[PDB]
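Student: Structure provided below as structure tokens; questions to follow.
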Amino acid sequence: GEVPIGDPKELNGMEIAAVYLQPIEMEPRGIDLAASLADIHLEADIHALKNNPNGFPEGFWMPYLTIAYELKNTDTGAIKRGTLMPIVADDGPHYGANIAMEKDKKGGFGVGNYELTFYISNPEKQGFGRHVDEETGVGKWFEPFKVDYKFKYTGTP
Amino acid sequence: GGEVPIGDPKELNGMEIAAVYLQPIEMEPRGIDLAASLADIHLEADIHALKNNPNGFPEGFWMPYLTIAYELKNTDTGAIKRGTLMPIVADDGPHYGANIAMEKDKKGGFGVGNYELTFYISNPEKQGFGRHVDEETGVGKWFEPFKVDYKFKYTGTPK
Ligand SMILES: [Cu+2]
Ligand SMILES: [Cu+2]
């Protein structure tokens, strides 16, 4: 059962939603933390809005973007930063990562009201290009921006 | 038109693979790909998810993080040149393409003539792209590396 975090934000021609489920077994194995040692699979859902500035058709998934997350507990004041890898499930491509909450050895990441950030950079760092000719070129990529959600952690769904 | 179709599309491994080549295209960041002034065409590969894609990609979606290598052989001059097609976005959506020197190649043999185009396609796992493999949200294995063939006549930069 997937649980929404806050509600989506529409900026830079993209709909940015936050969701998390139970830890998810992943392949290739070894890159992302093992589902056995995690408490959640935090997924970032980012799709091009209608009339996207950068030529991405409406509803398409936005690939090659660099997503760094920050996980703050308002009650705990404990925060850790990590990365969200590009992943695909049976419902479509997305960005995700398994994170250990209750199992965070240093604690403070179990129970709590939470603040979730997404630090989003454009695909150019990953070698992704774009046309800039007058006939088929598209606009500039957004500059790095941040997105913040508020959610209260319920344990594993 | 400004855009030339190459052969006919292929429907394999849950994807539609089509090829088209353009005039040389100016693209940023500059330096990654051969500059448009030094090229004669812009070869592009259009790859999208078919209906009921075995790897969880919605119908019509662009297939990202793919490793696409191309081989262009002038059947009449026997010349062969290889390269890779980068992920890039135009005004009509993302694709894989590259600026290629044909008549402008110094080794010669890539002028007008009959051509055999081949794409060498490997799955996204080499880029670190992930897969759900749980019972509820899991998707099937990725295809093994394969290739598709096109044939077309080249008579210079599209017009
Ligand atoms: Cu996921
Ligand atoms: Cu292109």
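Every chain in the structure tokens takes a letter, A first, then B, and so on in the order presented; its residues are numbered from 1, and the ligands are numbered from 1 following the presented order.
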Considering only C-alpha atoms, return as a list in words whatever protein or nucleic-acid residues lie within 8 Å of residue 75 in chain B, sequence-local ones (same chain, fewer than 4 positions apart) excluded.
Tutor: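 After dropping sequence-adjacent residues, the list is residues 79, 113, 114, 115 and 116 of chain B.
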Student: Please give me, as a list in words, the residues lying within 7 Å of ligand 2 when counting only C-alpha atoms and all ligand atoms.
Tutor: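 Result of the 7 Å neighbour search around ligand 2: residues 131 of chain A; 25, 42, 44, 88, 89, 90, 95, 96, 97 and 98 of chain B.
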Student: List the spatial neighbours of residue 112 in chain A as a list in words - criterion: any atom at most 7 Å away, only C-alpha atoms, same-chain residues fewer than 2 positions off excluded.
Tutor: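 The residues that qualify are residues 73, 74, 75, 76, 110, 114, 152 and 153 of chain A.
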Student: Since we have the selection now, will you write its residues out, keeping C-alpha atoms, as a short mmCIF file (atom, residue, chain, number, x, y, z; two decimals), in the first residue's frame?
Tutor:
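Output file out-v6.cif follows:
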data_model
loop_
_atom_site.label_atom_id
_atom_site.label_comp_id
_atom_site.auth_asym_id
_atom_site.auth_seq_id
_atom_site.Cartn_x
_atom_site.Cartn_y
_atom_site.Cartn_z
CA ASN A 73 12.10 14.59 11.87
CA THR A 74 10.51 17.69 13.38
CA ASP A 75 10.10 15.94 16.75
CA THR A 76 13.62 14.48 16.68
CA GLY A 110 11.59 6.12 13.85
CA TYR A 114 8.51 14.56 9.07
CA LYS A 152 4.03 12.12 9.57
CA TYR A 153 5.64 8.68 9.46
#
Student: So which residues are near ligand 1, meaning at most 6 Å away with only C-alpha atoms and all ligand atoms counted, given back as a list in words?
Tutor: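 Those residues are residues 43, 87 and 96 of chain A.
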Student: Just the selected residues (C-alpha atoms), exported as a tab-separated table (two decimals), in the first residue's frame, please.
Tutor:
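The result, stored in selection-v1.tsv:
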chain	number	residue	atom	x	y	z
A	43	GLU	CA	9.66	7.15	-4.48
A	87	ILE	CA	13.90	2.82	-11.16
A	96	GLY	CA	13.26	5.56	-5.60
Student: List the spatial neighbours of residue 66 in chain B as a PyMOL selection string - criterion: any atom at most 7 Å away, only C-alpha atoms, same-chain residues fewer than 6 positions off excluded.
Tutor: chain B and resi 121-124
Student: Near range 29-40 of chain B, counting only C-alpha atoms, which residues have an atom at most 7 Å away, once you skip same-chain residues fewer than 5 positions from it, shown as a list in words?
Tutor: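 These residues fall inside the cut-off: residues 129 of chain A; 23, 24, 98, 99, 100, 101, 102, 103, 104 and 157 of chain B.
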Student: Can you spit out the residues from that selection as a PDB file, in the first residue's frame, using N, CA and C atoms?
Tutor:
ATOM      1  N   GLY A 129      21.532  15.847 -23.568  1.00  0.00           N
ATOM      2  CA  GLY A 129      21.583  17.008 -24.424  1.00  0.00           C
ATOM      3  C   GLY A 129      20.207  17.474 -24.877  1.00  0.00           C
TER       4      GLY A 129
ATOM      5  N   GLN B  23      19.053  17.087 -40.905  1.00  0.00           N
ATOM      6  CA  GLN B  23      20.197  17.952 -41.106  1.00  0.00           C
ATOM      7  C   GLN B  23      21.016  18.008 -39.819  1.00  0.00           C
ATOM      8  N   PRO B  24      22.292  18.379 -39.906  1.00  0.00           N
ATOM      9  CA  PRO B  24      23.079  18.578 -38.682  1.00  0.00           C
ATOM     10  C   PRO B  24      22.384  19.552 -37.740  1.00  0.00           C
ATOM     11  N   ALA B  98      22.830  11.666 -32.886  1.00  0.00           N
ATOM     12  CA  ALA B  98      24.216  12.100 -32.986  1.00  0.00           C
ATOM     13  C   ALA B  98      24.418  12.808 -34.317  1.00  0.00           C
ATOM     14  N   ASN B  99      25.331  13.775 -34.323  1.00  0.00           N
ATOM     15  CA  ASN B  99      25.741  14.449 -35.548  1.00  0.00           C
ATOM     16  C   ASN B  99      26.879  13.663 -36.188  1.00  0.00           C
ATOM     17  N   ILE B 100      26.713  13.312 -37.460  1.00  0.00           N
ATOM     18  CA  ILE B 100      27.624  12.410 -38.154  1.00  0.00           C
ATOM     19  C   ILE B 100      28.189  13.120 -39.375  1.00  0.00           C
ATOM     20  N   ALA B 101      29.501  13.004 -39.564  1.00  0.00           N
ATOM     21  CA  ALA B 101      30.166  13.505 -40.759  1.00  0.00           C
ATOM     22  C   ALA B 101      30.110  12.430 -41.838  1.00  0.00           C
ATOM     23  N   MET B 102      29.467  12.748 -42.961  1.00  0.00           N
ATOM     24  CA  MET B 102      29.360  11.810 -44.072  1.00  0.00           C
ATOM     25  C   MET B 102      30.332  12.206 -45.176  1.00  0.00           C
ATOM     26  N   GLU B 103      29.945  13.174 -46.012  1.00  0.00           N
ATOM     27  CA  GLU B 103      30.872  13.694 -47.010  1.00  0.00           C
ATOM     28  C   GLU B 103      32.072  14.364 -46.356  1.00  0.00           C
ATOM     29  N   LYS B 104      31.900  14.886 -45.140  1.00  0.00           N
ATOM     30  CA  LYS B 104      32.958  15.621 -44.464  1.00  0.00           C
ATOM     31  C   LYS B 104      33.953  14.720 -43.744  1.00  0.00           C
ATOM     32  N   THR B 157      22.742  15.930 -47.186  1.00  0.00           N
ATOM     33  CA  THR B 157      21.964  16.475 -46.084  1.00  0.00           C
ATOM     34  C   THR B 157      20.505  16.636 -46.505  1.00  0.00           C
TER      35      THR B 157
END
Student: Would you return as a PyMOL selection string the members of range 9-146 of chain A that DSSP assigns to strand (DSSP E) on this structure's backbone?
Tutor: chain A and resi 9-11+14-21+26-27+40-48+66-73+79-83+85-89+92-99+113-121+129-131+145-146
Student: If you count only C-alpha atoms, which residues fall within 12 Å of residue 20 in chain B, apart from same-chain ones fewer than 3 positions away, as a ChimeraX atom specification?
Tutor: /B:2-9,17,23,41-47,95-98,117,150-152,154,158
Student: Contacts from chain B to chain A, 8 Å maximum, only C-alpha atoms: show me the residue list as an MDAnalysis selection string.
Tutor: chainID B and resid 25:29 32 55:58 61:62 64:65 86:94 125 128:134 137:139
Student: Restricted to N, CA and C atoms, what would the selected residues look like written as a JSON list (two decimals), in the first residue's frame?
Tutor:
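Full text of part_25.json as output:
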[["chain", "number", "residue", "atom", "x", "y", "z"],
["B", 25, "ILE", "N", 22.35, 19.20, -36.46],
["B", 25, "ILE", "CA", 21.61, 19.93, -35.44],
["B", 25, "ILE", "C", 22.59, 20.56, -34.46],
["B", 26, "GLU", "N", 22.34, 21.82, -34.11],
["B", 26, "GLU", "CA", 23.09, 22.49, -33.06],
["B", 26, "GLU", "C", 22.50, 22.12, -31.70],
["B", 27, "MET", "N", 23.36, 21.71, -30.77],
["B", 27, "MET", "CA", 22.88, 21.24, -29.48],
["B", 27, "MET", "C", 23.85, 21.62, -28.37],
["B", 28, "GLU", "N", 23.29, 21.93, -27.20],
["B", 28, "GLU", "CA", 24.02, 22.19, -25.98],
["B", 28, "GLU", "C", 23.85, 21.02, -25.01],
["B", 29, "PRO", "N", 24.85, 20.71, -24.18],
["B", 29, "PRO", "CA", 26.17, 21.35, -24.09],
["B", 29, "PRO", "C", 27.06, 21.10, -25.31],
["B", 32, "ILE", "N", 30.25, 17.75, -26.39],
["B", 32, "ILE", "CA", 29.93, 16.34, -26.21],
["B", 32, "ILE", "C", 29.85, 15.65, -27.57],
["B", 55, "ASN", "N", 8.45, -4.73, -19.33],
["B", 55, "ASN", "CA", 9.31, -4.17, -18.30],
["B", 55, "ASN", "C", 8.65, -3.03, -17.54],
["B", 56, "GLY", "N", 7.32, -2.93, -17.59],
["B", 56, "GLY", "CA", 6.60, -1.98, -16.78],
["B", 56, "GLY", "C", 6.54, -0.57, -17.31],
["B", 57, "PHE", "N", 6.93, -0.34, -18.57],
["B", 57, "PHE", "CA", 6.92, 1.01, -19.13],
["B", 57, "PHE", "C", 5.58, 1.27, -19.80],
["B", 58, "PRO", "N", 4.86, 2.33, -19.44],
["B", 58, "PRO", "CA", 3.55, 2.58, -20.05],
["B", 58, "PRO", "C", 3.64, 2.67, -21.57],
["B", 61, "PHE", "N", 5.63, 5.44, -23.87],
["B", 61, "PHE", "CA", 6.72, 6.10, -23.17],
["B", 61, "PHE", "C", 8.03, 5.96, -23.93],
["B", 62, "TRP", "N", 8.92, 6.93, -23.72],
["B", 62, "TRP", "CA", 10.27, 6.85, -24.25],
["B", 62, "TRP", "C", 11.10, 5.91, -23.39],
["B", 64, "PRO", "N", 14.28, 5.07, -21.71],
["B", 64, "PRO", "CA", 15.48, 5.84, -21.38],
["B", 64, "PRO", "C", 16.65, 4.98, -20.92],
["B", 65, "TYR", "N", 17.80, 5.61, -20.70],
["B", 65, "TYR", "CA", 18.99, 4.97, -20.17],
["B", 65, "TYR", "C", 19.46, 3.80, -21.02],
["B", 86, "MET", "N", 23.49, 9.52, -28.18],
["B", 86, "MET", "CA", 23.26, 10.03, -26.84],
["B", 86, "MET", "C", 21.77, 10.28, -26.60],
["B", 87, "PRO", "N", 21.34, 10.29, -25.34],
["B", 87, "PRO", "CA", 19.96, 10.72, -25.03],
["B", 87, "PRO", "C", 19.85, 12.23, -25.12],
["B", 88, "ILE", "N", 18.87, 12.71, -25.89],
["B", 88, "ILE", "CA", 18.69, 14.13, -26.14],
["B", 88, "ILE", "C", 17.22, 14.41, -26.38],
["B", 89, "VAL", "N", 16.83, 15.67, -26.21],
["B", 89, "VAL", "CA", 15.44, 16.09, -26.32],
["B", 89, "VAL", "C", 15.33, 17.21, -27.35],
["B", 90, "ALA", "N", 14.36, 17.09, -28.24],
["B", 90, "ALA", "CA", 13.99, 18.12, -29.19],
["B", 90, "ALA", "C", 12.63, 18.69, -28.80],
["B", 91, "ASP", "N", 12.03, 19.46, -29.72],
["B", 91, "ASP", "CA", 10.73, 20.06, -29.44],
["B", 91, "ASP", "C", 9.59, 19.05, -29.48],
["B", 92, "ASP", "N", 9.83, 17.86, -30.05],
["B", 92, "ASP", "CA", 8.80, 16.83, -30.13],
["B", 92, "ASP", "C", 9.07, 15.66, -29.19],
["B", 93, "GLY", "N", 10.05, 15.79, -28.29],
["B", 93, "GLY", "CA", 10.29, 14.79, -27.28],
["B", 93, "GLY", "C", 11.70, 14.25, -27.27],
["B", 94, "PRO", "N", 12.02, 13.42, -26.28],
["B", 94, "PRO", "CA", 13.36, 12.85, -26.18],
["B", 94, "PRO", "C", 13.60, 11.77, -27.23],
["B", 125, "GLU", "N", 20.43, -1.54, -17.49],
["B", 125, "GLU", "CA", 21.09, -1.92, -16.24],
["B", 125, "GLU", "C", 22.56, -1.51, -16.20],
["B", 128, "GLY", "N", 23.03, 1.77, -14.29],
["B", 128, "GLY", "CA", 22.55, 1.78, -12.92],
["B", 128, "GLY", "C", 21.06, 1.92, -12.78],
["B", 129, "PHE", "N", 20.30, 1.72, -13.86],
["B", 129, "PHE", "CA", 18.85, 1.79, -13.78],
["B", 129, "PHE", "C", 18.30, 0.58, -13.04],
["B", 130, "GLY", "N", 17.37, 0.83, -12.11],
["B", 130, "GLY", "CA", 16.90, -0.20, -11.21],
["B", 130, "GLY", "C", 15.62, -0.88, -11.69],
["B", 131, "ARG", "N", 15.32, -2.00, -11.04],
["B", 131, "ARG", "CA", 14.15, -2.80, -11.33],
["B", 131, "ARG", "C", 13.53, -3.27, -10.02],
["B", 132, "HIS", "N", 12.20, -3.16, -9.93],
["B", 132, "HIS", "CA", 11.48, -3.80, -8.84],
["B", 132, "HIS", "C", 11.34, -5.29, -9.17],
["B", 133, "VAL", "N", 11.62, -6.14, -8.18],
["B", 133, "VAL", "CA", 11.56, -7.58, -8.40],
["B", 133, "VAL", "C", 10.74, -8.25, -7.31],
["B", 134, "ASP", "N", 9.99, -7.46, -6.55],
["B", 134, "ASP", "CA", 9.07, -8.02, -5.57],
["B", 134, "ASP", "C", 7.86, -8.62, -6.28],
["B", 137, "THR", "N", 5.05, -5.41, -7.07],
["B", 137, "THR", "CA", 5.38, -4.33, -7.99],
["B", 137, "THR", "C", 6.55, -4.68, -8.92],
["B", 138, "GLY", "N", 6.89, -5.96, -9.02],
["B", 138, "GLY", "CA", 8.04, -6.35, -9.81],
["B", 138, "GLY", "C", 7.78, -6.34, -11.30],
["B", 139, "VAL", "N", 8.86, -6.18, -12.06],
["B", 139, "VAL", "CA", 8.82, -6.21, -13.51],
["B", 139, "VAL", "C", 9.78, -7.28, -14.01]]
Student: Between A:117, A:141, A:78, A:30, which is the closest to residue 13 in chain A once you count only C-alpha atoms?
Tutor: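 For residue 13 in chain A, the nearest of the candidates is A:141.
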Student: Which residue gives the smallest distance to residue 106 in chain B among B:49, B:119, B:69, B:81, with only C-alpha atoms counted?
Tutor: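 Looking at the shortest contact to residue 106 in chain B, the residue is B:81.
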Student: Please indicate the distance in Å from CA of residue 83 in chain A to CA of residue 67 in chain B, rounded to one decimal place.
Tutor: 22.8 Å
Student: For residue 40 in chain A, which of A:111, A:116, A:101, A:3 is the closest residue, counting only C-alpha atoms?
Tutor: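 Among the listed residues, the smallest separation from residue 40 in chain A belongs to A:101.
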Student: Going by DSSP on the backbone, which bits of range 7-147 of chain B are helix (DSSP H, G or I)? Write them as a list in words, please.
Tutor: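 For range 7-147 of chain B, the helix (DSSP H, G or I) set is residues 36, 37, 38, 124, 125, 126 and 127 of chain B.
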Student: Export C-alpha atoms of the chosen residues as a compact mmCIF listing (two decimals), in the first residue's frame?
Tutor:
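Produced file again.txt, reproduced below:
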# COMPACT_ATOMS: atom_id res chain seq x y z
CA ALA B 36 26.73 20.67 -36.54
CA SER B 37 29.11 22.62 -38.80
CA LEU B 38 31.41 19.57 -38.99
CA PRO B 124 19.47 0.14 -19.02
CA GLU B 125 21.09 -1.92 -16.24
CA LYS B 126 24.56 -0.79 -17.36
CA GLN B 127 23.68 2.80 -16.41
